[PDB]
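Okay, here we've got a single chain as C-alpha cells, the form deposited in one PDB entry, with questions on binding and movement later.
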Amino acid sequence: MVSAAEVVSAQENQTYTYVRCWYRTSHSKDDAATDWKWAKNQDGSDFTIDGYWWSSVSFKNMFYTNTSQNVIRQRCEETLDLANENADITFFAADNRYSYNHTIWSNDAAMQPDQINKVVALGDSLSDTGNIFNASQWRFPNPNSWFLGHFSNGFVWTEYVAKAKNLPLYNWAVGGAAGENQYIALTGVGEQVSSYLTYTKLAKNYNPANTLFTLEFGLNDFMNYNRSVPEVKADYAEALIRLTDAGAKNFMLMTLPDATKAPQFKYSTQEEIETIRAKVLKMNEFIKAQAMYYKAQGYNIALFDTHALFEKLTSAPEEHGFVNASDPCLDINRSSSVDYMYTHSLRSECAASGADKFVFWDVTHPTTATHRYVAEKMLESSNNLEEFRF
C-alpha cells in the first residue's frame, strides 16, 4: 500500500507535538458538553510527544509516537485534576489552537508478547469516536448535545471494551444516518479497511496478530442507501477476507439490532419498516455463518448476538435497568439530519429519570448507558474474552 522507501522517509522525519486533553465539563452524563486543556508536566511545562506525521491521499494526519497511551492518559488526568468520575477524558495530537484533533498512534516495541495490545474498530455511528468531527470544523454533531463527535452522550461500546481491557483504541468507524456523508466521502467498510492497511504500514513493529478487531456494519446500508442484502453480505465477507489476508487473527463480531425499533422509525411508513427488519434478519444469519466459517479455520472469533439482547431490552427495559426504550432522551420529535447542528434540551421524562435510564439518546443512536450495557454483555458472554490472549 506504501513503498518501503516511503515508509523509512516518513519514519525518519522526526519532530514533536502537543497534547490536547478533552473532558466532560459536567459531572452528569445528561450533559454532553466538553472542553479541553493542553497537557502539562508536573513542573508546569508543556507536555510534548516525539515522533512523525503521516497521511494518505485522504489527508487525515496521524502522529506516531514511542510514548505509550497510558503515559499520555496519566498526563491528561494529572493536568486536568478533576475529581469527576464522568470526566470521560480523550486526547489528541495538535501543534496549536488552529490544529484539528489528530489521533496519536503509540508504536509497539519490537519485543512484543503474543497477546492483544490494541483494539481496531471498523463500522458506523455505533462505533465512531470522532471521525466526522474535524471535517465538520467541530460543529457536527453539535458538541453541546452530542459528546465530542460521538453520536451519543458519552463513550461508545468499543471505548468501554478497550477501557475494560486497558488497551488503546484506534477508530476507523463512521456512519451515515446523521448525514455524515455530507462531510467525508469514503465511509464504506471497504474504504475503512484500505485506510487501516495504509496507516498501519507506517507504524513501527506492527504485528496484526496482536490487534483485537471489532466490526459492525450494514445498518447504514439498509437504512440510508437502500442496499440489497447480497451486496452488504459481499462487503462484510470482503472486509474479513482482506483483514485475515493481512494477518488479522482476533475478531469481535456481532449481529445487528433491529434498527426499526429506534425512535426515528415512528416517522417511517410500515412498508419501509418491514423491508429494513427483514434485511436485518437475513444479514444476521450470514453474520453467524461467517463467524462460524472463520472459527472453523482457527481464527479467534467472539460472536455476540446484539439482536437478541436488543429485542429483550425493548420488550422489557425495566428488567435491564431502563425506564424507556421507545423515545430519545433528547427532545427531538422528528427525523431531520439538520437537528444534529443544534443544541437540544432533554425531554421531561429523561430529565427526571436521568440519561442512564434511556435506551436512546437521539432518534437513532443509543445512550452511553446502552453502549456500556452492550460492552459489558459482550465481555461477560465471551468470559472477559476467554479465547483471546491478554
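Take the two forms, superpose them, and find the largest set of C-alpha atoms that agree within 1.5 Å; that set is the rigid core. One rule holds for the numbers: they count along the sequence shown, beginning at 1.
Below, we refer to the form deposited in another entry, which is not included among the displayed structures.
**OP:** Might you check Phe286, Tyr183, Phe265, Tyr294 and identify the only one whose CA position changes by 2 Å or more between this form and the one not shown on rigid-core superposition?
**Re:** The listed residue whose C-alpha shifts by at least 2 Å is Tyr183.
Subject >> Is_shifted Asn226 between this form and the one not shown (CA, 2 Å cut-off, rigid core) >> reply: Yes, its C-alpha moves 2 Å or more.
Subject >> Direction of Cα pair change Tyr183-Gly190 in the other entry, magnitude 3 angstroms or more >> reply: Those two alpha carbons end up closer in the other entry.
**OP:** Kindly indicate if, in the other entry, the C-alpha atoms of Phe310 and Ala178 are closer or farther apart than in the structure shown, bearing in mind the change is 3 Å or more.
**Re:** Closer, not farther.
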